[PDB]
Each structure stands twice: as structure tokens, then as C-alpha cells.
$ cat work-v3.cif   # mmCIF, N, CA and C atoms (P, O5', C5', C4', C3', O3' and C1' of nucleotides)
data_work
#
loop_
_atom_site.group_PDB
_atom_site.id
_atom_site.type_symbol
_atom_site.label_atom_id
_atom_site.label_comp_id
_atom_site.auth_asym_id
_atom_site.auth_seq_id
_atom_site.Cartn_x
_atom_site.Cartn_y
_atom_site.Cartn_z
ATOM 1 N N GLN M 107 104.894 137.422 79.717
ATOM 2 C CA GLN M 107 104.189 136.306 80.410
ATOM 3 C C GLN M 107 102.684 136.550 80.357
ATOM 4 N N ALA M 108 102.281 137.788 80.628
ATOM 5 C CA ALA M 108 100.868 138.140 80.609
ATOM 6 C C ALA M 108 100.358 138.230 79.173
ATOM 7 N N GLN M 109 101.265 138.048 78.217
ATOM 8 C CA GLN M 109 100.895 138.112 76.807
ATOM 9 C C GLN M 109 101.388 136.874 76.066
ATOM 10 N N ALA M 110 101.329 135.726 76.734
ATOM 11 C CA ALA M 110 101.771 134.476 76.128
ATOM 12 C C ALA M 110 100.685 133.912 75.217
ATOM 13 N N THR M 111 99.431 134.189 75.560
ATOM 14 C CA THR M 111 98.305 133.704 74.768
ATOM 15 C C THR M 111 98.354 134.275 73.354
ATOM 16 N N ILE M 112 97.862 135.501 73.197
ATOM 17 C CA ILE M 112 97.856 136.156 71.891
ATOM 18 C C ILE M 112 96.721 135.630 71.017
ATOM 19 N N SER M 113 96.671 134.313 70.863
ATOM 20 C CA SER M 113 95.652 133.684 70.034
ATOM 21 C C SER M 113 96.094 133.703 68.569
ATOM 22 N N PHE M 114 97.152 132.946 68.268
ATOM 23 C CA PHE M 114 97.692 132.894 66.908
ATOM 24 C C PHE M 114 96.613 133.204 65.873
ATOM 25 N N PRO M 115 97.000 133.869 64.817
ATOM 26 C CA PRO M 115 96.082 134.271 63.712
ATOM 27 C C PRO M 115 95.074 133.186 63.339
ATOM 28 N N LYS M 116 94.376 133.403 62.228
ATOM 29 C CA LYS M 116 93.374 132.452 61.763
ATOM 30 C C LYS M 116 93.910 131.027 61.793
ATOM 31 N N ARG M 117 93.778 130.389 62.947
ATOM 32 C CA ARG M 117 94.233 129.015 63.116
ATOM 33 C C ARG M 117 93.281 128.284 64.050
ATOM 34 N N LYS M 118 92.117 127.910 63.528
ATOM 35 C CA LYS M 118 91.116 127.228 64.335
ATOM 36 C C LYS M 118 90.439 128.234 65.261
ATOM 37 N N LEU M 119 91.219 129.213 65.702
ATOM 38 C CA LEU M 119 90.727 130.250 66.599
ATOM 39 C C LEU M 119 89.514 130.965 66.021
ATOM 40 N N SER M 120 88.672 131.470 66.917
ATOM 41 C CA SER M 120 87.478 132.198 66.515
ATOM 42 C C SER M 120 87.147 131.920 65.054
ATOM 43 N N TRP M 121 86.776 130.676 64.768
ATOM 44 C CA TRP M 121 86.436 130.278 63.405
ATOM 45 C C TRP M 121 86.225 131.501 62.521
ATOM 46 O "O5'" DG C 1 80.745 119.263 69.453
ATOM 47 C "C5'" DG C 1 79.711 118.770 70.309
ATOM 48 C "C4'" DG C 1 79.295 119.802 71.329
ATOM 49 C "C3'" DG C 1 79.587 121.249 70.931
ATOM 50 O "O3'" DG C 1 78.572 122.121 71.440
ATOM 51 C "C1'" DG C 1 80.796 120.726 72.884
ATOM 52 P P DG C 2 78.725 123.712 71.263
ATOM 53 O "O5'" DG C 2 79.874 124.108 72.292
ATOM 54 C "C5'" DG C 2 79.681 123.963 73.699
ATOM 55 C "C4'" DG C 2 80.878 124.497 74.448
ATOM 56 C "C3'" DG C 2 81.588 125.664 73.778
ATOM 57 O "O3'" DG C 2 80.986 126.903 74.165
ATOM 58 C "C1'" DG C 2 83.153 124.097 74.729
ATOM 59 P P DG C 3 81.673 128.289 73.732
ATOM 60 O "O5'" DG C 3 83.025 128.327 74.576
ATOM 61 C "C5'" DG C 3 82.997 128.477 75.994
ATOM 62 C "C4'" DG C 3 84.300 129.067 76.482
ATOM 63 C "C3'" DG C 3 85.128 129.769 75.410
ATOM 64 O "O3'" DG C 3 84.769 131.150 75.301
ATOM 65 C "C1'" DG C 3 86.499 128.238 76.561
ATOM 66 P P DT C 4 85.880 132.224 74.849
ATOM 67 O "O5'" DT C 4 86.673 131.495 73.668
ATOM 68 C "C5'" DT C 4 88.100 131.582 73.552
ATOM 69 C "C4'" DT C 4 88.600 132.897 74.119
ATOM 70 C "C3'" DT C 4 89.896 133.438 73.521
ATOM 71 O "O3'" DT C 4 89.820 134.859 73.391
ATOM 72 C "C1'" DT C 4 90.240 132.764 75.816
ATOM 73 P P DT C 5 90.938 135.639 72.539
ATOM 74 O "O5'" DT C 5 90.615 135.250 71.028
ATOM 75 C "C5'" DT C 5 91.409 134.291 70.329
ATOM 76 C "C4'" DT C 5 90.519 133.328 69.582
ATOM 77 C "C3'" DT C 5 89.370 132.768 70.401
ATOM 78 O "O3'" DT C 5 88.251 132.502 69.554
ATOM 79 C "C1'" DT C 5 90.826 131.007 69.846
ATOM 80 P P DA C 6 86.844 133.202 69.868
ATOM 81 O "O5'" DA C 6 86.274 132.355 71.087
ATOM 82 C "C5'" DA C 6 85.779 131.035 70.883
ATOM 83 C "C4'" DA C 6 86.576 130.328 69.821
ATOM 84 C "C3'" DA C 6 86.086 128.926 69.501
ATOM 85 O "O3'" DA C 6 85.132 128.966 68.435
ATOM 86 C "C1'" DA C 6 88.462 128.942 69.785
ATOM 87 P P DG C 7 83.603 128.559 68.715
ATOM 88 O "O5'" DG C 7 83.343 127.337 67.725
ATOM 89 C "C5'" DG C 7 83.682 126.005 68.104
ATOM 90 C "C4'" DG C 7 84.099 125.205 66.891
ATOM 91 C "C3'" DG C 7 84.126 123.700 67.099
ATOM 92 O "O3'" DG C 7 82.845 123.123 66.837
ATOM 93 C "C1'" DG C 7 86.149 124.381 66.087
ATOM 94 P P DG C 8 82.677 121.525 66.876
ATOM 95 O "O5'" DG C 8 83.992 120.983 66.158
ATOM 96 C "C5'" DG C 8 84.033 120.829 64.740
ATOM 97 C "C4'" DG C 8 85.187 119.946 64.333
ATOM 98 C "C3'" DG C 8 85.144 118.528 64.875
ATOM 99 O "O3'" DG C 8 84.318 117.700 64.047
ATOM 100 C "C1'" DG C 8 87.367 119.398 64.951
ATOM 101 P P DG C 9 84.362 116.100 64.213
ATOM 102 O "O5'" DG C 9 85.874 115.791 64.611
ATOM 103 C "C5'" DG C 9 86.804 115.305 63.644
ATOM 104 C "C4'" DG C 9 88.092 114.905 64.322
ATOM 105 C "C3'" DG C 9 88.072 113.503 64.950
ATOM 106 O "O3'" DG C 9 89.327 112.840 64.758
ATOM 107 C "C1'" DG C 9 88.618 115.082 66.589
ATOM 108 P P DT C 10 89.524 111.336 65.294
ATOM 109 O "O5'" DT C 10 89.532 111.476 66.884
ATOM 110 C "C5'" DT C 10 88.553 110.807 67.684
ATOM 111 C "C4'" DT C 10 89.141 110.404 69.018
ATOM 112 C "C3'" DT C 10 88.650 109.056 69.540
ATOM 113 O "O3'" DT C 10 89.639 108.443 70.371
ATOM 114 C "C1'" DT C 10 87.851 110.759 70.961
ATOM 115 P P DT C 11 89.403 106.950 70.918
ATOM 116 O "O5'" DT C 11 88.878 107.165 72.407
ATOM 117 C "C5'" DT C 11 89.017 108.429 73.056
ATOM 118 C "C4'" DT C 11 90.395 108.993 72.806
ATOM 119 C "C3'" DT C 11 91.006 109.739 73.994
ATOM 120 O "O3'" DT C 11 91.914 108.888 74.701
ATOM 121 C "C1'" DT C 11 90.964 111.163 72.082
ATOM 122 P P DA C 12 92.070 109.033 76.295
ATOM 123 O "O5'" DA C 12 92.159 110.606 76.537
ATOM 124 C "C5'" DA C 12 93.404 111.297 76.425
ATOM 125 C "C4'" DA C 12 93.666 112.118 77.670
ATOM 126 C "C3'" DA C 12 92.960 111.643 78.920
ATOM 127 O "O3'" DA C 12 93.504 112.307 80.069
ATOM 128 C "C1'" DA C 12 91.867 113.551 78.123
ATOM 129 P P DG C 13 95.077 112.209 80.392
ATOM 130 O "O5'" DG C 13 95.655 113.617 79.900
ATOM 131 C "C5'" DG C 13 95.282 114.151 78.626
ATOM 132 C "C4'" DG C 13 96.264 113.709 77.565
ATOM 133 C "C3'" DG C 13 97.316 114.747 77.180
ATOM 134 O "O3'" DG C 13 98.510 114.102 76.727
ATOM 135 C "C1'" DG C 13 95.827 114.418 75.368
ATOM 136 P P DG C 14 99.508 114.880 75.734
ATOM 137 O "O5'" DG C 14 98.770 114.834 74.324
ATOM 138 C "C5'" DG C 14 98.828 115.946 73.430
ATOM 139 C "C4'" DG C 14 98.469 115.515 72.029
ATOM 140 C "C3'" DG C 14 98.927 116.467 70.931
ATOM 141 O "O3'" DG C 14 99.125 115.761 69.702
ATOM 142 C "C1'" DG C 14 96.559 116.540 71.107
ATOM 143 P P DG C 15 99.717 116.538 68.425
ATOM 144 O "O5'" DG C 15 98.529 117.498 67.970
ATOM 145 C "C5'" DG C 15 98.125 117.569 66.602
ATOM 146 C "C4'" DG C 15 97.581 118.942 66.287
ATOM 147 C "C3'" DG C 15 98.579 120.100 66.507
ATOM 148 O "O3'" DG C 15 98.391 121.128 65.515
ATOM 149 C "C1'" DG C 15 96.674 120.502 67.740
ATOM 150 P P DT C 16 99.631 121.635 64.613
ATOM 151 O "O5'" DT C 16 99.206 123.105 64.136
ATOM 152 C "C5'" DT C 16 100.169 124.162 63.998
ATOM 153 C "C4'" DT C 16 99.505 125.422 63.464
ATOM 154 C "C3'" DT C 16 99.449 126.612 64.436
ATOM 155 O "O3'" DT C 16 100.311 127.656 63.979
ATOM 156 C "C1'" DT C 16 97.298 125.744 64.079
ATOM 157 P P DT C 17 101.795 127.771 64.583
ATOM 158 O "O5'" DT C 17 101.555 127.861 66.153
ATOM 159 C "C5'" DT C 17 100.605 128.783 66.685
ATOM 160 C "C4'" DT C 17 100.623 128.748 68.194
ATOM 161 C "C3'" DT C 17 100.247 127.401 68.818
ATOM 162 O "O3'" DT C 17 101.126 127.110 69.913
ATOM 163 C "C1'" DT C 17 98.852 129.085 69.688
ATOM 164 P P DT C 18 101.356 125.592 70.393
ATOM 165 O "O5'" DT C 18 100.060 125.263 71.258
ATOM 166 C "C5'" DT C 18 99.600 126.193 72.236
ATOM 167 C "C4'" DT C 18 99.342 125.493 73.559
ATOM 168 C "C3'" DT C 18 99.489 123.965 73.519
ATOM 169 O "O3'" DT C 18 100.393 123.533 74.538
ATOM 170 C "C1'" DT C 18 97.184 124.635 73.628
ATOM 171 P P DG C 19 100.216 122.076 75.194
ATOM 172 O "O5'" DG C 19 99.248 122.327 76.434
ATOM 173 C "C5'" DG C 19 99.774 122.576 77.738
ATOM 174 C "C4'" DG C 19 98.660 122.571 78.758
ATOM 175 C "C3'" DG C 19 98.010 121.209 78.991
ATOM 176 O "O3'" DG C 19 98.588 120.574 80.135
ATOM 177 C "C1'" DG C 19 96.390 123.008 78.911
ATOM 178 P P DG C 20 97.785 119.394 80.875
ATOM 179 O "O5'" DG C 20 96.477 119.206 79.986
ATOM 180 C "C5'" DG C 20 95.258 118.733 80.556
ATOM 181 C "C4'" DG C 20 94.612 119.816 81.388
ATOM 182 C "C3'" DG C 20 93.550 119.311 82.366
ATOM 183 O "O3'" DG C 20 93.482 120.159 83.517
ATOM 184 C "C1'" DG C 20 92.522 120.719 80.804
ATOM 185 P P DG C 21 92.514 119.768 84.740
ATOM 186 O "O5'" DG C 21 91.049 119.820 84.110
ATOM 187 C "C5'" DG C 21 90.494 121.048 83.645
ATOM 188 C "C4'" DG C 21 88.993 120.925 83.505
ATOM 189 C "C3'" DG C 21 88.391 119.673 84.142
ATOM 190 O "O3'" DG C 21 87.101 119.953 84.693
ATOM 191 C "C1'" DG C 21 87.985 119.638 81.813
#

$ encode --input "work-v3.cif" --output "C-alpha cells"
Amino acid sequence: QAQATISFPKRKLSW
DNA sequence: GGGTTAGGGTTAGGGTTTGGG
């Protein structure tokens, strides 16, 4: 639950 | 525009992972 984010790989994220 | 992932797009919710705000 505390790790639901993650921030999927190169996908719009942190250009 | 901008923020975890962070930009765009219009739209306020959506959308690669995604909800607002």
C-alpha cells in the first residue's frame, strides 16, 4: 500500500 | 502549468502509473 506509487518507468514521468 | 512522475492535453477528468486541483 505504501508502495502503490512506484512511478512506472519512462512513461511521461520525470520527462 | 504543475506535483510525487511527472509533461501534454482542456479537458477537471483522463492518461503511460493517475487522483485532483

$ residues_near_point --input "work-v3.cif" --point "(97.3, 130.7, 69.8)" --cutoff "12 Å" --atoms "only C-alpha atoms (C1' of nucleotides)" --output "MDAnalysis selection string"
(chainID M and resid 109:120) or (chainID C and resid 4:6 15:19)

$ write_last_selection --input "work-v3.cif" --atoms "N, CA and C atoms (P, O5', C5', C4', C3', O3' and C1' of nucleotides)" --output "PDB file, keeping the file's coordinate frame"
ATOM      1  N   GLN M 109     101.265 138.048  78.217  1.00  0.00           N
ATOM      2  CA  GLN M 109     100.895 138.112  76.807  1.00  0.00           C
ATOM      3  C   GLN M 109     101.388 136.874  76.066  1.00  0.00           C
ATOM      4  N   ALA M 110     101.329 135.726  76.734  1.00  0.00           N
ATOM      5  CA  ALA M 110     101.771 134.476  76.128  1.00  0.00           C
ATOM      6  C   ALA M 110     100.685 133.912  75.217  1.00  0.00           C
ATOM      7  N   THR M 111      99.431 134.189  75.560  1.00  0.00           N
ATOM      8  CA  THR M 111      98.305 133.704  74.768  1.00  0.00           C
ATOM      9  C   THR M 111      98.354 134.275  73.354  1.00  0.00           C
ATOM     10  N   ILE M 112      97.862 135.501  73.197  1.00  0.00           N
ATOM     11  CA  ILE M 112      97.856 136.156  71.891  1.00  0.00           C
ATOM     12  C   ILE M 112      96.721 135.630  71.017  1.00  0.00           C
ATOM     13  N   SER M 113      96.671 134.313  70.863  1.00  0.00           N
ATOM     14  CA  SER M 113      95.652 133.684  70.034  1.00  0.00           C
ATOM     15  C   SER M 113      96.094 133.703  68.569  1.00  0.00           C
ATOM     16  N   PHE M 114      97.152 132.946  68.268  1.00  0.00           N
ATOM     17  CA  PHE M 114      97.692 132.894  66.908  1.00  0.00           C
ATOM     18  C   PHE M 114      96.613 133.204  65.873  1.00  0.00           C
ATOM     19  N   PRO M 115      97.000 133.869  64.817  1.00  0.00           N
ATOM     20  CA  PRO M 115      96.082 134.271  63.712  1.00  0.00           C
ATOM     21  C   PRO M 115      95.074 133.186  63.339  1.00  0.00           C
ATOM     22  N   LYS M 116      94.376 133.403  62.228  1.00  0.00           N
ATOM     23  CA  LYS M 116      93.374 132.452  61.763  1.00  0.00           C
ATOM     24  C   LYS M 116      93.910 131.027  61.793  1.00  0.00           C
ATOM     25  N   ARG M 117      93.778 130.389  62.947  1.00  0.00           N
ATOM     26  CA  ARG M 117      94.233 129.015  63.116  1.00  0.00           C
ATOM     27  C   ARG M 117      93.281 128.284  64.050  1.00  0.00           C
ATOM     28  N   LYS M 118      92.117 127.910  63.528  1.00  0.00           N
ATOM     29  CA  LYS M 118      91.116 127.228  64.335  1.00  0.00           C
ATOM     30  C   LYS M 118      90.439 128.234  65.261  1.00  0.00           C
ATOM     31  N   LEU M 119      91.219 129.213  65.702  1.00  0.00           N
ATOM     32  CA  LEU M 119      90.727 130.250  66.599  1.00  0.00           C
ATOM     33  C   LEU M 119      89.514 130.965  66.021  1.00  0.00           C
ATOM     34  N   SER M 120      88.672 131.470  66.917  1.00  0.00           N
ATOM     35  CA  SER M 120      87.478 132.198  66.515  1.00  0.00           C
ATOM     36  C   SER M 120      87.147 131.920  65.054  1.00  0.00           C
TER      37      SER M 120
ATOM     38  P    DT C   4      85.880 132.224  74.849  1.00  0.00           P
ATOM     39  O5'  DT C   4      86.673 131.495  73.668  1.00  0.00           O
ATOM     40  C5'  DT C   4      88.100 131.582  73.552  1.00  0.00           C
ATOM     41  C4'  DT C   4      88.600 132.897  74.119  1.00  0.00           C
ATOM     42  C3'  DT C   4      89.896 133.438  73.521  1.00  0.00           C
ATOM     43  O3'  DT C   4      89.820 134.859  73.391  1.00  0.00           O
ATOM     44  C1'  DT C   4      90.240 132.764  75.816  1.00  0.00           C
ATOM     45  P    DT C   5      90.938 135.639  72.539  1.00  0.00           P
ATOM     46  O5'  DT C   5      90.615 135.250  71.028  1.00  0.00           O
ATOM     47  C5'  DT C   5      91.409 134.291  70.329  1.00  0.00           C
ATOM     48  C4'  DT C   5      90.519 133.328  69.582  1.00  0.00           C
ATOM     49  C3'  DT C   5      89.370 132.768  70.401  1.00  0.00           C
ATOM     50  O3'  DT C   5      88.251 132.502  69.554  1.00  0.00           O
ATOM     51  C1'  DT C   5      90.826 131.007  69.846  1.00  0.00           C
ATOM     52  P    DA C   6      86.844 133.202  69.868  1.00  0.00           P
ATOM     53  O5'  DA C   6      86.274 132.355  71.087  1.00  0.00           O
ATOM     54  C5'  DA C   6      85.779 131.035  70.883  1.00  0.00           C
ATOM     55  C4'  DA C   6      86.576 130.328  69.821  1.00  0.00           C
ATOM     56  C3'  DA C   6      86.086 128.926  69.501  1.00  0.00           C
ATOM     57  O3'  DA C   6      85.132 128.966  68.435  1.00  0.00           O
ATOM     58  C1'  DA C   6      88.462 128.942  69.785  1.00  0.00           C
ATOM     59  P    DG C  15      99.717 116.538  68.425  1.00  0.00           P
ATOM     60  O5'  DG C  15      98.529 117.498  67.970  1.00  0.00           O
ATOM     61  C5'  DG C  15      98.125 117.569  66.602  1.00  0.00           C
ATOM     62  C4'  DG C  15      97.581 118.942  66.287  1.00  0.00           C
ATOM     63  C3'  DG C  15      98.579 120.100  66.507  1.00  0.00           C
ATOM     64  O3'  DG C  15      98.391 121.128  65.515  1.00  0.00           O
ATOM     65  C1'  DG C  15      96.674 120.502  67.740  1.00  0.00           C
ATOM     66  P    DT C  16      99.631 121.635  64.613  1.00  0.00           P
ATOM     67  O5'  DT C  16      99.206 123.105  64.136  1.00  0.00           O
ATOM     68  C5'  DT C  16     100.169 124.162  63.998  1.00  0.00           C
ATOM     69  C4'  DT C  16      99.505 125.422  63.464  1.00  0.00           C
ATOM     70  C3'  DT C  16      99.449 126.612  64.436  1.00  0.00           C
ATOM     71  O3'  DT C  16     100.311 127.656  63.979  1.00  0.00           O
ATOM     72  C1'  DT C  16      97.298 125.744  64.079  1.00  0.00           C
ATOM     73  P    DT C  17     101.795 127.771  64.583  1.00  0.00           P
ATOM     74  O5'  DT C  17     101.555 127.861  66.153  1.00  0.00           O
ATOM     75  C5'  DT C  17     100.605 128.783  66.685  1.00  0.00           C
ATOM     76  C4'  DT C  17     100.623 128.748  68.194  1.00  0.00           C
ATOM     77  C3'  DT C  17     100.247 127.401  68.818  1.00  0.00           C
ATOM     78  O3'  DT C  17     101.126 127.110  69.913  1.00  0.00           O
ATOM     79  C1'  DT C  17      98.852 129.085  69.688  1.00  0.00           C
ATOM     80  P    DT C  18     101.356 125.592  70.393  1.00  0.00           P
ATOM     81  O5'  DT C  18     100.060 125.263  71.258  1.00  0.00           O
ATOM     82  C5'  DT C  18      99.600 126.193  72.236  1.00  0.00           C
ATOM     83  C4'  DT C  18      99.342 125.493  73.559  1.00  0.00           C
ATOM     84  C3'  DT C  18      99.489 123.965  73.519  1.00  0.00           C
ATOM     85  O3'  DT C  18     100.393 123.533  74.538  1.00  0.00           O
ATOM     86  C1'  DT C  18      97.184 124.635  73.628  1.00  0.00           C
ATOM     87  P    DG C  19     100.216 122.076  75.194  1.00  0.00           P
ATOM     88  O5'  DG C  19      99.248 122.327  76.434  1.00  0.00           O
ATOM     89  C5'  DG C  19      99.774 122.576  77.738  1.00  0.00           C
ATOM     90  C4'  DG C  19      98.660 122.571  78.758  1.00  0.00           C
ATOM     91  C3'  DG C  19      98.010 121.209  78.991  1.00  0.00           C
ATOM     92  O3'  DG C  19      98.588 120.574  80.135  1.00  0.00           O
ATOM     93  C1'  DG C  19      96.390 123.008  78.911  1.00  0.00           C
TER      94       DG C  19
END

$ atom_distance --input "work-v3.cif" --atom1 "atom C of residue 108 of chain M" --atom2 "atom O5' of residue 20 of chain C"
19.4 Å

$ atom_distance --input "work-v3.cif" --atom1 "atom P of residue 10 of chain C" --atom2 "atom N of residue 121 of chain M"
19.5 Å

$ atom_distance --input "work-v3.cif" --atom1 "atom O5' of residue 2 of chain C" --atom2 "atom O5' of residue 21 of chain C"
16.8 Å
